[PDB]
Amino acid sequence: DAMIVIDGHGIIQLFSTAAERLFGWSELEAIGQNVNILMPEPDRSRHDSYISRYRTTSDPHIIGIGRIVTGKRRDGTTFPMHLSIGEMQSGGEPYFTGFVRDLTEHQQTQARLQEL
Ligand code: HEM
């Protein structure tokens with residue numbers, strides 16, 4: 001589907017093959033980058049605080065809720081995707097995993113039916 005693992009600072013730790021196809025970064029390019037490289041403004045500039053905020057408050061806004069958001073490709077094109085976040089820990093540090101479902105086709109079908 002598309003899978004991404006980040007550390008508690010938002011740095012990409014793992015980047016699945018499907019993720020590469022979906023976003024247009026290669027694994028090496030992507031690893032060691034902030035996850036925000038995947039989103040547009042204003043979310044890009046806020047994502048760190050989203051993360052900071054959750055770590056302190058421990059109130060989920062998307063964790064085990066899911067949400068549809070706009071994702072951003074390497075070539076600058078944006079698209080809708082469903083996102084679910086999981087919390088994990090390893091070596092005492094927290095890790096987040098995101099499962100992505102590309103909603104591009106659903107949106108286009110819907111737009112196209114509306115337009116007709
Ligand atoms: C690529 C496009 C993404 C966008 C546009 C996005 C957007 C957001 C937004 C809007 C929030 C805050 C929700 C709120 O305050 O109401 C948030 C929180 C968060 N995001 Fe993302 N996200 C993206 C990808 C990811 C990925 C791939 C991960 C992890 C692998 C991730 C990890 C988190 C975490 C850990 C939080 C705080 C958790 C929570 O509040 O439940 N994000 N993100």
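Definitions and cut-offs
Residues numbered from 1 in each chain as written, not as in the entry; some residues may be left out. Heavy atoms only, no water. Helix = DSSP H or I, 4+ residues; strand = E, 2+ residues; numbered from the N terminus. Expected span 1.5 Å × (residues − 1). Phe/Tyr/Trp six-rings, centres within 6.5 Å; stacked < 30°, edge-to-face > 60°. Buried < 20%, exposed > 50% of the residue type's maximum accessible area, 1.4 Å probe, protein only. UniProt positions renumbered as here; feature names shortened; annotations may be inferred. Contact = heavy atoms within 4.5 Å. Salt bridge = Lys/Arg side-chain N within 4 Å of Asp/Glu carboxyl O.

The deposited coordinates derive from X-ray crystallography, with the record listing a resolution of 2.500 Å.

> For this particular structure, what's the right way to read helix α3 (residues 43-57)?
Since there are 3.6 residues in each turn of an α-helix, residues three or four apart along the chain are aligned in direction. Taking 1.5 Å as the rise per residue, α3 with 15 residues should run 21 Å; its terminal C-alpha atoms sit 19 Å apart, in good agreement. Positive phi appears at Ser-58, one or two residues downstream of α3, with a value of about 50°.

> Sorry if this is basic, but what is going on with the packing of aromatic side chains here?
Two aromatic rings are characterised by how far apart their centres lie and by the angle between their planes. If you walk through the whole model with that rule in mind, you get 3 aromatic pairs. With centroids separated by 6.3 Å and ring planes inclined at 50°, the aromatic side chains of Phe-15 and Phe-23 adopt a geometry described as tilted. On the basis of relative accessible area, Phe-23 is assigned to the buried category, the value being 2%. For the pair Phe-23 and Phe-79, a centre-to-centre distance of 5.8 Å together with 55° between the ring planes defines the contact as tilted. Residue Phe-23 is located in helix α1 (residues 17-23), and its partner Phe-79 is located in strand β4 (residues 78-90); the two are separated by 56 residues in the primary sequence.

> When you look at unusual backbone geometry in this model, what are you seeing that I'm missing?
Of all residues except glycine, most have a negative phi; of all peptide bonds, most are trans. For the bond running from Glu-41 to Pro-42, omega is 0°, close enough to zero to count as cis. Examined against the element boundaries, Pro-42 turns out to sit in the loop between α2 (27-30) and α3. Look at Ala-2: it is not a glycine, yet its phi comes out positive at around 135°. Positionally, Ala-2 belongs in the segment before β1 (3-7). You can call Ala-2 buried: its relative accessible area is 1%. If you check the backbone angles, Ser-58 has positive phi at about 50° while not being a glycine. Relative to the helices and strands, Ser-58 is located in the loop between α3 and β3 (67-72). On the accessibility criterion, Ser-58 (45% relative accessible area) is partly exposed.

> It is not clear to me how the UniProt feature "binding site: heme" in the chain should be interpreted in this structure. Could you clarify?
Feature annotation in UniProt assigns "binding site: heme" to the following positions: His-47. The partly exposed category is assigned to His-47, whose relative accessible area is 22%. Apart from residues no more than four positions distant in its own chain, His-47 is found in contact with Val-35, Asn-36 and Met-39.

> Can you walk me through the pattern of salt bridges in this structure?
Close approach of charged atoms allows side chains with opposite charge to pair. Tallying each qualifying case throughout the model produces 3 salt bridges. With its nearest N and O atoms 3.0 Å apart, the salt bridge here joins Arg-74 to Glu-29. Taken together, the residues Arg-74 in the loop between β3 and β4 and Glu-29 in helix α2 connect sequence positions 45 residues apart. Under the relative-accessibility criterion, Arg-74 is labelled partly exposed at 39%. Residue classification places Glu-29 among the partly exposed positions, given a relative accessible area of 33%. For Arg-112, the salt bridge identified is with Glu-115, shortest N-O distance 3.7 Å. Separated by 3 residues within a single helix, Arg-112 and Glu-115 lie in helix α4 (residues 104-115), roughly one turn from each other. For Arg-112, a relative accessible area of 44% translates into the label partly exposed. Residue class for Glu-115 comes out exposed when judged on its relative accessible area of 58%.

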